[PDB]
Structure formats: C-alpha cells, structure tokens
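Novice: So that you have it, the file is final30.cif, and it contains mmCIF, C-alpha atoms:
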data_input
#
loop_
_atom_site.group_PDB
_atom_site.id
_atom_site.type_symbol
_atom_site.label_atom_id
_atom_site.label_comp_id
_atom_site.auth_asym_id
_atom_site.auth_seq_id
_atom_site.Cartn_x
_atom_site.Cartn_y
_atom_site.Cartn_z
ATOM 1 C CA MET A 1 53.945 143.047 102.059
ATOM 2 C CA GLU A 2 50.617 144.790 101.752
ATOM 3 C CA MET A 3 47.286 143.037 101.924
ATOM 4 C CA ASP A 4 44.516 143.798 99.466
ATOM 5 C CA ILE A 5 40.888 142.985 100.108
ATOM 6 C CA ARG A 6 37.537 143.810 98.567
ATOM 7 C CA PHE A 7 34.178 144.255 100.266
ATOM 8 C CA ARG A 8 31.052 143.558 98.266
ATOM 9 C CA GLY A 9 27.447 142.430 98.490
ATOM 10 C CA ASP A 10 25.689 145.594 99.706
ATOM 11 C CA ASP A 11 25.341 149.327 99.006
ATOM 12 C CA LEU A 12 28.383 151.540 99.645
ATOM 13 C CA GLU A 13 27.111 153.035 102.911
ATOM 14 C CA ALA A 14 26.636 149.530 104.311
ATOM 15 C CA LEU A 15 30.003 148.287 103.039
ATOM 16 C CA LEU A 16 31.645 151.351 104.612
ATOM 17 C CA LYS A 17 29.986 150.651 107.953
ATOM 18 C CA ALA A 18 31.306 147.098 107.767
ATOM 19 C CA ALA A 19 34.731 148.351 106.704
ATOM 20 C CA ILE A 20 35.091 151.055 109.356
ATOM 21 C CA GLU A 21 36.042 148.676 112.170
ATOM 22 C CA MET A 22 38.737 147.025 110.056
ATOM 23 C CA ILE A 23 40.021 150.455 109.026
ATOM 24 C CA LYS A 24 40.280 151.513 112.656
ATOM 25 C CA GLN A 25 42.261 148.399 113.582
ATOM 26 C CA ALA A 26 44.548 148.795 110.591
ATOM 27 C CA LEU A 27 45.112 152.462 111.541
ATOM 28 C CA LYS A 28 46.095 151.510 115.085
ATOM 29 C CA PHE A 29 48.488 148.853 113.776
ATOM 30 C CA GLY A 30 50.331 151.751 112.147
ATOM 31 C CA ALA A 31 49.088 150.747 108.703
ATOM 32 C CA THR A 32 48.355 152.952 105.736
ATOM 33 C CA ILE A 33 44.966 152.165 104.205
ATOM 34 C CA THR A 34 44.011 152.994 100.626
ATOM 35 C CA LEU A 35 40.362 152.970 99.554
ATOM 36 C CA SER A 36 38.739 153.149 96.150
ATOM 37 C CA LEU A 37 35.602 151.984 94.317
ATOM 38 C CA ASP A 38 35.430 149.539 91.455
ATOM 39 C CA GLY A 39 31.818 149.551 90.399
ATOM 40 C CA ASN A 40 29.928 148.440 93.499
ATOM 41 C CA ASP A 41 33.024 146.880 95.072
ATOM 42 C CA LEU A 42 34.999 148.603 97.814
ATOM 43 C CA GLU A 43 38.739 148.059 97.277
ATOM 44 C CA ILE A 44 40.969 148.238 100.353
ATOM 45 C CA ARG A 45 44.759 148.215 100.250
ATOM 46 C CA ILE A 46 46.575 147.945 103.556
ATOM 47 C CA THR A 47 50.300 148.671 103.711
ATOM 48 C CA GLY A 48 52.909 148.840 106.480
ATOM 49 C CA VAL A 49 51.584 145.628 108.012
ATOM 50 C CA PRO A 50 53.840 142.675 108.910
ATOM 51 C CA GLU A 51 52.824 139.002 108.737
ATOM 52 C CA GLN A 52 51.166 138.757 112.166
ATOM 53 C CA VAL A 53 49.169 141.917 111.637
ATOM 54 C CA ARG A 54 47.904 140.651 108.266
ATOM 55 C CA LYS A 55 46.759 137.445 109.981
ATOM 56 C CA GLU A 56 44.877 139.460 112.585
ATOM 57 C CA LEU A 57 43.299 141.738 109.994
ATOM 58 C CA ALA A 58 42.211 138.666 108.009
ATOM 59 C CA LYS A 59 40.471 137.321 111.137
ATOM 60 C CA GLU A 60 38.740 140.684 111.532
ATOM 61 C CA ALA A 61 37.634 140.606 107.881
ATOM 62 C CA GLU A 62 36.075 137.181 108.509
ATOM 63 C CA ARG A 63 34.220 138.455 111.572
ATOM 64 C CA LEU A 64 32.884 141.419 109.582
ATOM 65 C CA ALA A 65 31.743 139.245 106.665
ATOM 66 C CA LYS A 66 29.801 137.126 109.145
ATOM 67 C CA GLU A 67 28.469 140.087 111.120
ATOM 68 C CA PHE A 68 27.096 141.919 108.089
ATOM 69 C CA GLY A 69 26.283 139.135 105.628
ATOM 70 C CA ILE A 70 28.638 140.501 102.995
ATOM 71 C CA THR A 71 31.468 139.036 100.958
ATOM 72 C CA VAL A 72 35.126 139.811 101.522
ATOM 73 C CA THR A 73 37.784 138.611 99.101
ATOM 74 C CA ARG A 74 41.529 138.791 99.515
ATOM 75 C CA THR A 75 44.322 138.943 96.978
ATOM 76 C CA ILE A 76 46.626 135.918 97.239
ATOM 77 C CA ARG A 77 50.338 136.538 97.795
ATOM 78 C CA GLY A 78 52.279 136.569 94.530
ATOM 79 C CA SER A 79 49.449 138.192 92.562
ATOM 80 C CA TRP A 80 50.451 140.746 89.941
ATOM 81 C CA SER A 81 48.084 143.330 91.426
ATOM 82 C CA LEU A 82 49.902 143.343 94.781
ATOM 83 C CA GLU A 83 53.059 144.978 93.408
ATOM 84 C CA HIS A 84 51.590 146.830 90.433
ATOM 85 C CA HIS A 85 49.290 149.575 91.697
ATOM 86 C CA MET B 1 33.792 124.122 103.468
ATOM 87 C CA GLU B 2 34.366 125.021 99.853
ATOM 88 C CA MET B 3 36.983 127.457 98.667
ATOM 89 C CA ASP B 4 36.206 130.098 96.075
ATOM 90 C CA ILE B 5 38.853 131.851 94.038
ATOM 91 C CA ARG B 6 38.994 134.105 91.007
ATOM 92 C CA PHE B 7 41.658 134.325 88.321
ATOM 93 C CA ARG B 8 42.096 137.601 86.494
ATOM 94 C CA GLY B 9 44.584 139.800 84.680
ATOM 95 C CA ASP B 10 44.790 138.123 81.255
ATOM 96 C CA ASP B 11 42.642 136.783 78.402
ATOM 97 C CA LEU B 12 40.528 133.682 79.083
ATOM 98 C CA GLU B 13 42.785 131.241 77.220
ATOM 99 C CA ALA B 14 45.733 132.375 79.340
ATOM 100 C CA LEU B 15 43.758 132.282 82.595
ATOM 101 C CA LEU B 16 42.594 128.761 81.703
ATOM 102 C CA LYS B 17 46.164 127.629 81.080
ATOM 103 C CA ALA B 18 47.105 129.013 84.485
ATOM 104 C CA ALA B 19 44.040 127.415 86.061
ATOM 105 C CA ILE B 20 44.462 123.962 84.522
ATOM 106 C CA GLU B 21 47.180 122.823 86.930
ATOM 107 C CA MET B 22 45.129 123.857 89.959
ATOM 108 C CA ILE B 23 42.084 122.114 88.485
ATOM 109 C CA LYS B 24 44.062 118.912 88.038
ATOM 110 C CA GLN B 25 45.267 118.971 91.647
ATOM 111 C CA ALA B 26 41.789 119.717 92.942
ATOM 112 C CA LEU B 27 40.414 116.827 90.838
ATOM 113 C CA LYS B 28 42.949 114.406 92.301
ATOM 114 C CA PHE B 29 42.116 115.568 95.830
ATOM 115 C CA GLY B 30 38.623 114.251 95.112
ATOM 116 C CA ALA B 31 37.239 117.774 94.817
ATOM 117 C CA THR B 32 34.388 119.006 92.682
ATOM 118 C CA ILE B 33 35.337 122.133 90.740
ATOM 119 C CA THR B 34 32.822 124.630 89.380
ATOM 120 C CA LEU B 35 33.859 127.158 86.735
ATOM 121 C CA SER B 36 32.117 130.207 85.347
ATOM 122 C CA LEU B 37 32.908 133.621 83.840
ATOM 123 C CA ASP B 38 32.116 136.991 85.331
ATOM 124 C CA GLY B 39 33.130 139.471 82.688
ATOM 125 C CA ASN B 40 36.838 138.838 82.176
ATOM 126 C CA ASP B 41 37.204 137.077 85.532
ATOM 127 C CA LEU B 42 37.372 133.301 85.839
ATOM 128 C CA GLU B 43 35.404 132.145 88.900
ATOM 129 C CA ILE B 44 36.437 128.838 90.468
ATOM 130 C CA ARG B 45 34.506 127.079 93.216
ATOM 131 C CA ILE B 46 36.127 124.053 94.803
ATOM 132 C CA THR B 47 34.048 121.748 96.992
ATOM 133 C CA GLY B 48 34.678 118.473 98.833
ATOM 134 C CA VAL B 49 37.997 119.772 100.140
ATOM 135 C CA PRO B 50 38.968 119.631 103.835
ATOM 136 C CA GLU B 51 41.130 122.206 105.638
ATOM 137 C CA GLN B 52 44.540 120.771 104.705
ATOM 138 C CA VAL B 53 43.607 120.420 101.063
ATOM 139 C CA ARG B 54 42.415 124.043 100.935
ATOM 140 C CA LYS B 55 45.775 125.125 102.373
ATOM 141 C CA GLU B 56 47.602 123.162 99.692
ATOM 142 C CA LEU B 57 45.403 124.505 96.907
ATOM 143 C CA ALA B 58 46.001 128.048 98.194
ATOM 144 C CA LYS B 59 49.770 127.447 97.953
ATOM 145 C CA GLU B 60 49.273 126.220 94.389
ATOM 146 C CA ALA B 61 47.223 129.325 93.545
ATOM 147 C CA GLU B 62 50.109 131.477 94.807
ATOM 148 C CA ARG B 63 52.615 129.580 92.671
ATOM 149 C CA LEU B 64 50.397 130.023 89.602
ATOM 150 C CA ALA B 65 49.912 133.757 90.203
ATOM 151 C CA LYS B 66 53.689 134.116 90.336
ATOM 152 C CA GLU B 67 54.331 131.816 87.380
ATOM 153 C CA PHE B 68 51.931 133.602 85.039
ATOM 154 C CA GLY B 69 51.909 137.186 86.312
ATOM 155 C CA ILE B 70 48.184 137.134 86.995
ATOM 156 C CA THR B 71 46.031 137.950 89.996
ATOM 157 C CA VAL B 72 44.258 135.368 92.114
ATOM 158 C CA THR B 73 41.784 136.392 94.796
ATOM 159 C CA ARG B 74 40.148 134.189 97.386
ATOM 160 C CA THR B 75 36.866 134.506 99.227
ATOM 161 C CA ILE B 76 37.388 134.820 102.989
ATOM 162 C CA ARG B 77 35.658 132.300 105.253
ATOM 163 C CA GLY B 78 32.331 133.599 106.544
ATOM 164 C CA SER B 79 31.517 135.470 103.326
ATOM 165 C CA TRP B 80 27.890 135.433 102.211
ATOM 166 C CA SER B 81 28.873 134.176 98.756
ATOM 167 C CA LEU B 82 30.391 130.964 100.150
ATOM 168 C CA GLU B 83 27.049 129.506 101.259
ATOM 169 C CA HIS B 84 24.727 131.290 98.837
ATOM 170 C CA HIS B 85 25.439 130.068 95.312
#
Output the structure of this file as structure tokens.
Specialist:
Amino acid sequence: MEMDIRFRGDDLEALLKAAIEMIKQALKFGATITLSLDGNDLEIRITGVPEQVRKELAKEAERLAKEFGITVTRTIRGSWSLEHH
Amino acid sequence: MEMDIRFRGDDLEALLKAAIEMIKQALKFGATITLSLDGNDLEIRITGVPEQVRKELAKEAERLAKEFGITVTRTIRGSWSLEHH
C-alpha cells in the first residue's frame, strides 16, 4: 500500500526544502518516491512502504508541516487515486 | 482540533451524495461542519470533534471513498491551514 501526500502553502523551492528530509527517510526505508507538480502543489507518492513505515512517515510529515508553516495533506486509504495512477 | 478533508474525483452532485453520510455522522457527534468549493474539490472542515470522533470520521471517509470510487484527502495535524482559516 503506497502513501500519497501533497505539500502546499509556499513556493516550490521552499516546499522542496521541506520535502527533502521526508524524501531521505523514505529512501532509507527502501521506498520508491514519485514526485510531480500540480499547479503550485507538490505531489509525493511513496511506494514499497509497509504499515509501520507509513505511520513513521506520517509523523515526519507532521513535524515538517509544523517546522515550515506549510500544509501537508494525505490521501485516505481506499481512495480511487491510490490505485489508479 | 478540527479535521479538514477534501472530496474529489466526481461531479459536485455525486461528491455531495458521498459526503452526506459523513456530514450526518459529524452532525450527530455534535460537530460543526463547514463546506466550500475549491474548483471541483469539495472542502469539508469539521470542528468540535475530539480525538476518538476524528478517528471514527476518518474510518467513515475511507468507507465512502471505497463505496463511491472517489478520492478523499485529509489535512495532516500541524498543517498551517488547520489553524489559519
């Protein structure tokens, strides 16, 4: 089960600097991370992550949202978009 | 702590018919629900809900995403948008 999140609420350089620590952690978990833009939103798909890793990455996303004063949203399990990329 | 979610992936009438069951449950929990459109996305803010109620509403959102083949996203705790409406 992948996890999909979006970063928003700042310019792309700033969203990328927020994202980079989560990307690093995902990478070390053995995950595959897919990035793309949707307007001013940064879309992040993370695959190859089991339940516990998704929980940990969600905690990291929360820390980053707080750290940088941005908004992070996460696709809820069962969503059409999760299995139709 | 409020919870913010977005419904997307269908026309507004269909997103509203998906949303209506979650709205009803939120209402009965004693919540205050705020609705607005952002393009084709339905934005839903739910306030006056404690931790356990948010968990239950998140489970309902998952059931609705599955039921209707739509996408539901949720704002992660700590996000700027949660305390800056």
Novice: What do you get, as a PDB file with C-alpha atoms, in the frame of the given file, if you spell out every residue that the PyMOL selection byres ((chain B) within 7 of (chain A)) selects here?
Specialist:
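The resulting file, result.pdb, is shown below:
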ATOM      1  CA  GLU B  62      50.109 131.477  94.807  1.00  0.00           C
ATOM      2  CA  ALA B  65      49.912 133.757  90.203  1.00  0.00           C
ATOM      3  CA  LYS B  66      53.689 134.116  90.336  1.00  0.00           C
ATOM      4  CA  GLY B  69      51.909 137.186  86.312  1.00  0.00           C
ATOM      5  CA  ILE B  70      48.184 137.134  86.995  1.00  0.00           C
ATOM      6  CA  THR B  71      46.031 137.950  89.996  1.00  0.00           C
ATOM      7  CA  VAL B  72      44.258 135.368  92.114  1.00  0.00           C
ATOM      8  CA  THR B  73      41.784 136.392  94.796  1.00  0.00           C
ATOM      9  CA  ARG B  74      40.148 134.189  97.386  1.00  0.00           C
ATOM     10  CA  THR B  75      36.866 134.506  99.227  1.00  0.00           C
ATOM     11  CA  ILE B  76      37.388 134.820 102.989  1.00  0.00           C
ATOM     12  CA  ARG B  77      35.658 132.300 105.253  1.00  0.00           C
ATOM     13  CA  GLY B  78      32.331 133.599 106.544  1.00  0.00           C
ATOM     14  CA  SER B  79      31.517 135.470 103.326  1.00  0.00           C
ATOM     15  CA  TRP B  80      27.890 135.433 102.211  1.00  0.00           C
ATOM     16  CA  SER B  81      28.873 134.176  98.756  1.00  0.00           C
TER      17      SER B  81
END
Novice: In Å, rounded to a single decimal, give me how far atom CA of residue 51 of chain B is from atom CA of residue 52 of chain A.
Specialist: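 Taking atom CA of residue 52 of chain A and atom CA of residue 51 of chain B, their separation equals 20.4 Å.
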Novice: By how many Å are atom CA of residue 41 of chain B and atom CA of residue 13 of chain B apart?
Specialist: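 Taking atom CA of residue 41 of chain B as the start and atom CA of residue 13 of chain B as the end point, the length is 11.6 Å.
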Novice: Chain A superposed on chain B over all ordered C-alpha pairs, least squares: can you write that as a PDB file with C-alpha atoms, keeping the file's coordinate frame?
Specialist:
ATOM      1  CA  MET A   1      33.793 124.122 103.468  1.00  0.00           C
ATOM      2  CA  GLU A   2      34.365 125.021  99.853  1.00  0.00           C
ATOM      3  CA  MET A   3      36.984 127.457  98.667  1.00  0.00           C
ATOM      4  CA  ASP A   4      36.206 130.098  96.075  1.00  0.00           C
ATOM      5  CA  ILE A   5      38.853 131.851  94.037  1.00  0.00           C
ATOM      6  CA  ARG A   6      38.993 134.105  91.007  1.00  0.00           C
ATOM      7  CA  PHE A   7      41.659 134.325  88.321  1.00  0.00           C
ATOM      8  CA  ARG A   8      42.096 137.600  86.494  1.00  0.00           C
ATOM      9  CA  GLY A   9      44.584 139.800  84.679  1.00  0.00           C
ATOM     10  CA  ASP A  10      44.790 138.123  81.255  1.00  0.00           C
ATOM     11  CA  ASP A  11      42.642 136.784  78.402  1.00  0.00           C
ATOM     12  CA  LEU A  12      40.528 133.681  79.083  1.00  0.00           C
ATOM     13  CA  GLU A  13      42.785 131.242  77.220  1.00  0.00           C
ATOM     14  CA  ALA A  14      45.733 132.376  79.340  1.00  0.00           C
ATOM     15  CA  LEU A  15      43.759 132.283  82.595  1.00  0.00           C
ATOM     16  CA  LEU A  16      42.595 128.760  81.702  1.00  0.00           C
ATOM     17  CA  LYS A  17      46.164 127.629  81.080  1.00  0.00           C
ATOM     18  CA  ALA A  18      47.105 129.013  84.485  1.00  0.00           C
ATOM     19  CA  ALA A  19      44.041 127.415  86.061  1.00  0.00           C
ATOM     20  CA  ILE A  20      44.462 123.961  84.522  1.00  0.00           C
ATOM     21  CA  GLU A  21      47.180 122.823  86.930  1.00  0.00           C
ATOM     22  CA  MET A  22      45.128 123.857  89.959  1.00  0.00           C
ATOM     23  CA  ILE A  23      42.085 122.114  88.485  1.00  0.00           C
ATOM     24  CA  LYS A  24      44.062 118.912  88.038  1.00  0.00           C
ATOM     25  CA  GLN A  25      45.267 118.971  91.647  1.00  0.00           C
ATOM     26  CA  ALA A  26      41.789 119.717  92.942  1.00  0.00           C
ATOM     27  CA  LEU A  27      40.414 116.828  90.838  1.00  0.00           C
ATOM     28  CA  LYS A  28      42.949 114.406  92.302  1.00  0.00           C
ATOM     29  CA  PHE A  29      42.116 115.568  95.831  1.00  0.00           C
ATOM     30  CA  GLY A  30      38.623 114.251  95.112  1.00  0.00           C
ATOM     31  CA  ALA A  31      37.239 117.774  94.816  1.00  0.00           C
ATOM     32  CA  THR A  32      34.388 119.006  92.682  1.00  0.00           C
ATOM     33  CA  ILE A  33      35.337 122.133  90.739  1.00  0.00           C
ATOM     34  CA  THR A  34      32.822 124.630  89.380  1.00  0.00           C
ATOM     35  CA  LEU A  35      33.860 127.158  86.735  1.00  0.00           C
ATOM     36  CA  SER A  36      32.117 130.207  85.348  1.00  0.00           C
ATOM     37  CA  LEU A  37      32.908 133.622  83.841  1.00  0.00           C
ATOM     38  CA  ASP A  38      32.116 136.991  85.331  1.00  0.00           C
ATOM     39  CA  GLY A  39      33.129 139.471  82.688  1.00  0.00           C
ATOM     40  CA  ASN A  40      36.838 138.838  82.176  1.00  0.00           C
ATOM     41  CA  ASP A  41      37.204 137.078  85.532  1.00  0.00           C
ATOM     42  CA  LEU A  42      37.372 133.301  85.839  1.00  0.00           C
ATOM     43  CA  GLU A  43      35.404 132.145  88.900  1.00  0.00           C
ATOM     44  CA  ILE A  44      36.437 128.837  90.468  1.00  0.00           C
ATOM     45  CA  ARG A  45      34.505 127.079  93.216  1.00  0.00           C
ATOM     46  CA  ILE A  46      36.126 124.053  94.802  1.00  0.00           C
ATOM     47  CA  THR A  47      34.048 121.748  96.992  1.00  0.00           C
ATOM     48  CA  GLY A  48      34.678 118.473  98.832  1.00  0.00           C
ATOM     49  CA  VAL A  49      37.998 119.773 100.140  1.00  0.00           C
ATOM     50  CA  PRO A  50      38.968 119.632 103.835  1.00  0.00           C
ATOM     51  CA  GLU A  51      41.130 122.206 105.639  1.00  0.00           C
ATOM     52  CA  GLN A  52      44.541 120.771 104.705  1.00  0.00           C
ATOM     53  CA  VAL A  53      43.608 120.420 101.063  1.00  0.00           C
ATOM     54  CA  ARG A  54      42.414 124.043 100.935  1.00  0.00           C
ATOM     55  CA  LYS A  55      45.775 125.125 102.373  1.00  0.00           C
ATOM     56  CA  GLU A  56      47.602 123.162  99.692  1.00  0.00           C
ATOM     57  CA  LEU A  57      45.404 124.505  96.907  1.00  0.00           C
ATOM     58  CA  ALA A  58      46.001 128.048  98.194  1.00  0.00           C
ATOM     59  CA  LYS A  59      49.770 127.448  97.954  1.00  0.00           C
ATOM     60  CA  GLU A  60      49.274 126.220  94.389  1.00  0.00           C
ATOM     61  CA  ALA A  61      47.223 129.325  93.546  1.00  0.00           C
ATOM     62  CA  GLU A  62      50.109 131.477  94.807  1.00  0.00           C
ATOM     63  CA  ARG A  63      52.615 129.579  92.670  1.00  0.00           C
ATOM     64  CA  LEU A  64      50.397 130.023  89.602  1.00  0.00           C
ATOM     65  CA  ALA A  65      49.912 133.756  90.204  1.00  0.00           C
ATOM     66  CA  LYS A  66      53.689 134.116  90.336  1.00  0.00           C
ATOM     67  CA  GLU A  67      54.331 131.816  87.380  1.00  0.00           C
ATOM     68  CA  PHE A  68      51.931 133.602  85.039  1.00  0.00           C
ATOM     69  CA  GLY A  69      51.909 137.186  86.312  1.00  0.00           C
ATOM     70  CA  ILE A  70      48.184 137.134  86.995  1.00  0.00           C
ATOM     71  CA  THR A  71      46.031 137.950  89.996  1.00  0.00           C
ATOM     72  CA  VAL A  72      44.258 135.368  92.114  1.00  0.00           C
ATOM     73  CA  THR A  73      41.783 136.392  94.797  1.00  0.00           C
ATOM     74  CA  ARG A  74      40.148 134.189  97.385  1.00  0.00           C
ATOM     75  CA  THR A  75      36.866 134.506  99.227  1.00  0.00           C
ATOM     76  CA  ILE A  76      37.389 134.820 102.989  1.00  0.00           C
ATOM     77  CA  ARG A  77      35.658 132.300 105.254  1.00  0.00           C
ATOM     78  CA  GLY A  78      32.330 133.599 106.544  1.00  0.00           C
ATOM     79  CA  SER A  79      31.517 135.470 103.326  1.00  0.00           C
ATOM     80  CA  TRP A  80      27.890 135.432 102.211  1.00  0.00           C
ATOM     81  CA  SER A  81      28.873 134.176  98.756  1.00  0.00           C
ATOM     82  CA  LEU A  82      30.391 130.964 100.149  1.00  0.00           C
ATOM     83  CA  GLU A  83      27.049 129.507 101.259  1.00  0.00           C
ATOM     84  CA  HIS A  84      24.727 131.290  98.837  1.00  0.00           C
ATOM     85  CA  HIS A  85      25.439 130.068  95.313  1.00  0.00           C
TER      86      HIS A  85
END
Novice: I need the residue set behind the PyMOL selection byres ((chain B and resi 44-46) around 12) for this file; please write it as a PDB file with C-alpha atoms, in the coordinates of the input.
Specialist:
ATOM      1  CA  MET B   1      33.792 124.122 103.468  1.00  0.00           C
ATOM      2  CA  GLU B   2      34.366 125.021  99.853  1.00  0.00           C
ATOM      3  CA  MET B   3      36.983 127.457  98.667  1.00  0.00           C
ATOM      4  CA  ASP B   4      36.206 130.098  96.075  1.00  0.00           C
ATOM      5  CA  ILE B   5      38.853 131.851  94.038  1.00  0.00           C
ATOM      6  CA  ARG B   6      38.994 134.105  91.007  1.00  0.00           C
ATOM      7  CA  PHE B   7      41.658 134.325  88.321  1.00  0.00           C
ATOM      8  CA  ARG B   8      42.096 137.601  86.494  1.00  0.00           C
ATOM      9  CA  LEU B  15      43.758 132.282  82.595  1.00  0.00           C
ATOM     10  CA  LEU B  16      42.594 128.761  81.703  1.00  0.00           C
ATOM     11  CA  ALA B  19      44.040 127.415  86.061  1.00  0.00           C
ATOM     12  CA  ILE B  20      44.462 123.962  84.522  1.00  0.00           C
ATOM     13  CA  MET B  22      45.129 123.857  89.959  1.00  0.00           C
ATOM     14  CA  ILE B  23      42.084 122.114  88.485  1.00  0.00           C
ATOM     15  CA  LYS B  24      44.062 118.912  88.038  1.00  0.00           C
ATOM     16  CA  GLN B  25      45.267 118.971  91.647  1.00  0.00           C
ATOM     17  CA  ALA B  26      41.789 119.717  92.942  1.00  0.00           C
ATOM     18  CA  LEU B  27      40.414 116.827  90.838  1.00  0.00           C
ATOM     19  CA  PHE B  29      42.116 115.568  95.830  1.00  0.00           C
ATOM     20  CA  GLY B  30      38.623 114.251  95.112  1.00  0.00           C
ATOM     21  CA  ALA B  31      37.239 117.774  94.817  1.00  0.00           C
ATOM     22  CA  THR B  32      34.388 119.006  92.682  1.00  0.00           C
ATOM     23  CA  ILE B  33      35.337 122.133  90.740  1.00  0.00           C
ATOM     24  CA  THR B  34      32.822 124.630  89.380  1.00  0.00           C
ATOM     25  CA  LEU B  35      33.859 127.158  86.735  1.00  0.00           C
ATOM     26  CA  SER B  36      32.117 130.207  85.347  1.00  0.00           C
ATOM     27  CA  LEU B  37      32.908 133.621  83.840  1.00  0.00           C
ATOM     28  CA  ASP B  38      32.116 136.991  85.331  1.00  0.00           C
ATOM     29  CA  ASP B  41      37.204 137.077  85.532  1.00  0.00           C
ATOM     30  CA  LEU B  42      37.372 133.301  85.839  1.00  0.00           C
ATOM     31  CA  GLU B  43      35.404 132.145  88.900  1.00  0.00           C
ATOM     32  CA  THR B  47      34.048 121.748  96.992  1.00  0.00           C
ATOM     33  CA  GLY B  48      34.678 118.473  98.833  1.00  0.00           C
ATOM     34  CA  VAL B  49      37.997 119.772 100.140  1.00  0.00           C
ATOM     35  CA  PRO B  50      38.968 119.631 103.835  1.00  0.00           C
ATOM     36  CA  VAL B  53      43.607 120.420 101.063  1.00  0.00           C
ATOM     37  CA  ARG B  54      42.415 124.043 100.935  1.00  0.00           C
ATOM     38  CA  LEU B  57      45.403 124.505  96.907  1.00  0.00           C
ATOM     39  CA  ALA B  58      46.001 128.048  98.194  1.00  0.00           C
ATOM     40  CA  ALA B  61      47.223 129.325  93.545  1.00  0.00           C
ATOM     41  CA  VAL B  72      44.258 135.368  92.114  1.00  0.00           C
ATOM     42  CA  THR B  73      41.784 136.392  94.796  1.00  0.00           C
ATOM     43  CA  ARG B  74      40.148 134.189  97.386  1.00  0.00           C
ATOM     44  CA  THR B  75      36.866 134.506  99.227  1.00  0.00           C
ATOM     45  CA  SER B  81      28.873 134.176  98.756  1.00  0.00           C
ATOM     46  CA  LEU B  82      30.391 130.964 100.150  1.00  0.00           C
ATOM     47  CA  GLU B  83      27.049 129.506 101.259  1.00  0.00           C
ATOM     48  CA  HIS B  85      25.439 130.068  95.312  1.00  0.00           C
TER      49      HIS B  85
END
Novice: Could you tell me how far atom CA of residue 11 of chain A lies from atom CA of residue 40 of chain B, in Å and to one decimal?
Specialist: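 Calculated distance between atom CA of residue 11 of chain A and atom CA of residue 40 of chain B is 22.9 Å.
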Novice: Keeping just N, CA and C atoms, export segment 61-78 of chain B of this structure as a PDB file, in the first residue's frame.
Specialist:
ATOM      1  N   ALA B  61     -14.822   8.164   6.197  1.00  0.00           N
ATOM      2  CA  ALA B  61     -14.320   8.739   4.952  1.00  0.00           C
ATOM      3  C   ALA B  61     -13.732   7.648   4.050  1.00  0.00           C
ATOM      4  N   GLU B  62     -13.002   6.713   4.655  1.00  0.00           N
ATOM      5  CA  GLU B  62     -12.432   5.589   3.920  1.00  0.00           C
ATOM      6  C   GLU B  62     -13.522   4.707   3.310  1.00  0.00           C
ATOM      7  N   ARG B  63     -14.566   4.426   4.083  1.00  0.00           N
ATOM      8  CA  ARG B  63     -15.666   3.624   3.567  1.00  0.00           C
ATOM      9  C   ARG B  63     -16.339   4.317   2.379  1.00  0.00           C
ATOM     10  N   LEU B  64     -16.506   5.633   2.477  1.00  0.00           N
ATOM     11  CA  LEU B  64     -17.162   6.391   1.415  1.00  0.00           C
ATOM     12  C   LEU B  64     -16.311   6.457   0.146  1.00  0.00           C
ATOM     13  N   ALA B  65     -14.999   6.603   0.314  1.00  0.00           N
ATOM     14  CA  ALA B  65     -14.093   6.620  -0.835  1.00  0.00           C
ATOM     15  C   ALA B  65     -14.209   5.310  -1.599  1.00  0.00           C
ATOM     16  N   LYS B  66     -14.251   4.212  -0.852  1.00  0.00           N
ATOM     17  CA  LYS B  66     -14.384   2.882  -1.432  1.00  0.00           C
ATOM     18  C   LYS B  66     -15.753   2.706  -2.086  1.00  0.00           C
ATOM     19  N   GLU B  67     -16.798   3.061  -1.348  1.00  0.00           N
ATOM     20  CA  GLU B  67     -18.162   2.919  -1.838  1.00  0.00           C
ATOM     21  C   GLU B  67     -18.368   3.608  -3.186  1.00  0.00           C
ATOM     22  N   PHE B  68     -17.843   4.824  -3.317  1.00  0.00           N
ATOM     23  CA  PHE B  68     -18.191   5.675  -4.452  1.00  0.00           C
ATOM     24  C   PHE B  68     -17.089   5.834  -5.497  1.00  0.00           C
ATOM     25  N   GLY B  69     -15.925   5.243  -5.241  1.00  0.00           N
ATOM     26  CA  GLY B  69     -14.826   5.322  -6.190  1.00  0.00           C
ATOM     27  C   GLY B  69     -14.334   6.744  -6.369  1.00  0.00           C
ATOM     28  N   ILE B  70     -14.247   7.469  -5.260  1.00  0.00           N
ATOM     29  CA  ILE B  70     -13.755   8.836  -5.269  1.00  0.00           C
ATOM     30  C   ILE B  70     -12.488   8.908  -4.430  1.00  0.00           C
ATOM     31  N   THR B  71     -11.913  10.096  -4.354  1.00  0.00           N
ATOM     32  CA  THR B  71     -10.711  10.321  -3.585  1.00  0.00           C
ATOM     33  C   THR B  71     -11.023  11.243  -2.423  1.00  0.00           C
ATOM     34  N   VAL B  72     -10.579  10.858  -1.232  1.00  0.00           N
ATOM     35  CA  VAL B  72     -10.689  11.724  -0.073  1.00  0.00           C
ATOM     36  C   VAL B  72      -9.291  11.962   0.473  1.00  0.00           C
ATOM     37  N   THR B  73      -8.965  13.226   0.709  1.00  0.00           N
ATOM     38  CA  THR B  73      -7.674  13.580   1.280  1.00  0.00           C
ATOM     39  C   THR B  73      -7.909  14.265   2.606  1.00  0.00           C
ATOM     40  N   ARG B  74      -6.935  14.175   3.495  1.00  0.00           N
ATOM     41  CA  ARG B  74      -7.080  14.741   4.820  1.00  0.00           C
ATOM     42  C   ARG B  74      -5.862  15.556   5.195  1.00  0.00           C
ATOM     43  N   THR B  75      -6.094  16.725   5.764  1.00  0.00           N
ATOM     44  CA  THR B  75      -5.011  17.579   6.207  1.00  0.00           C
ATOM     45  C   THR B  75      -4.327  16.971   7.432  1.00  0.00           C
ATOM     46  N   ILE B  76      -3.002  16.873   7.377  1.00  0.00           N
ATOM     47  CA  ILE B  76      -2.219  16.309   8.471  1.00  0.00           C
ATOM     48  C   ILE B  76      -2.098  17.318   9.613  1.00  0.00           C
ATOM     49  N   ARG B  77      -2.211  16.821  10.841  1.00  0.00           N
ATOM     50  CA  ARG B  77      -2.058  17.639  12.031  1.00  0.00           C
ATOM     51  C   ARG B  77      -0.781  18.466  11.948  1.00  0.00           C
ATOM     52  N   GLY B  78      -0.857  19.725  12.370  1.00  0.00           N
ATOM     53  CA  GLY B  78       0.304  20.597  12.338  1.00  0.00           C
ATOM     54  C   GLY B  78       0.321  21.513  11.124  1.00  0.00           C
TER      55      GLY B  78
END
